[PDB]
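To begin, one chain is listed below as structure tokens, in the form deposited in one PDB entry.
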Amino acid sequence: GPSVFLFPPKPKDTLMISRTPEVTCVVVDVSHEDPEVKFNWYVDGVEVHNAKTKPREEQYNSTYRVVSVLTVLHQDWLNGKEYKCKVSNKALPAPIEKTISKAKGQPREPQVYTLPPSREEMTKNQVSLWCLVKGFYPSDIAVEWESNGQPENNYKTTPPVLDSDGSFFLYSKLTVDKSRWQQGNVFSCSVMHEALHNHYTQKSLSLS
């Protein structure tokens, strides 16, 4: 039988007024026999009617897949409002309910560190730079790499890991052609989190 995902907003979206944060409700494995899906949205238990539902898609193997998107106001997210997606379909024993909201607790500031490539890594076509972040709460965080205003896209950031003091940590690893590192280029790790001043910080790294 059919399956639901309910995804929280992107961290960068809630941190900037210029952006539009949203909650995304996804339904997979709806059968051809009865493709009709019904979405009911609730904010703190009160039904809202401003959600946008995309037209159903007959994706891959016989089944349909349906998306419903709900815009969240920045102030609502911060005030810890709950978003409940209810999905109903004829093949279901009961409607499926999903809920997301902002994590409760005292926000805590990330500490950011950048590490250069190792010695036993200097003799490869490619090298890596490291961005280490810790002490942060909640785990909602955006971490990006960039050089000369161009975003670098060959990086992998680990999931936030729960530390012993209740805060989180992670590393983001950037991979770049050794040539560029050697040439004296500056590379920057941008971090966005609610507990930073201006929701923004940046740490930069170059050779010497």
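Start at 1 and count along the sequence shown; that's the residue number.
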Q. For the C-alpha atoms alone, is the average B factor greater in 180-188 or in 193-201, going by the entry?
A. 180-188
(Q) Going by the mean C-alpha B-factor recorded in the entry, which is higher: 86-94 or 73-81? (A) 86-94
Q. Based on the PDB record, which member of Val133, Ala103, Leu115, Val127 exhibits the highest Cα temperature factor?
A. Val127
Q) Based on the PDB record, which member of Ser68, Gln59, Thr157, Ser167 exhibits the highest Cα temperature factor? A) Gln59
Q. What third of its chain's C-alpha B-factors does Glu146 belong to: lowest, middle or highest?
A. middle
Q: Rank-wise, by C-alpha B-factor, drop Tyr171 into the lowest, middle or highest third of its chain.
A: lowest
Q: Select lowest, middle or highest to describe the third in which the CA B-factor of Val4 falls within its chain in this entry.
A: middle
Q) Hey, what third does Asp140 fall into on Cα B-factor, ranked over its chain? A) lowest
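Beyond the structure shown, there is the form deposited with a partner chain bound, which is absent from this document and is the topic of what follows.
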Q: Decide whether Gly45 counts as a contact residue for its partner chain in the deposited complex under a heavy atom distance cut-off of 4.5 Å.
A: no
Q. When each C-alpha goes to the rigid part whose fit suits it best, do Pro107 and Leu132 end up together between this form and the one not shown?
A. yes
Q: Kindly indicate if, in the deposited complex, the C-alpha atoms of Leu196 and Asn79 are closer or farther apart than in the structure shown, bearing in mind the change is 3 Å or more.
A: closer
**Q.** Outcome for the Cα pair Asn79, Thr201 in the deposited complex, compared with this form (closer or farther; change of 3 Å or more)
**A.** closer
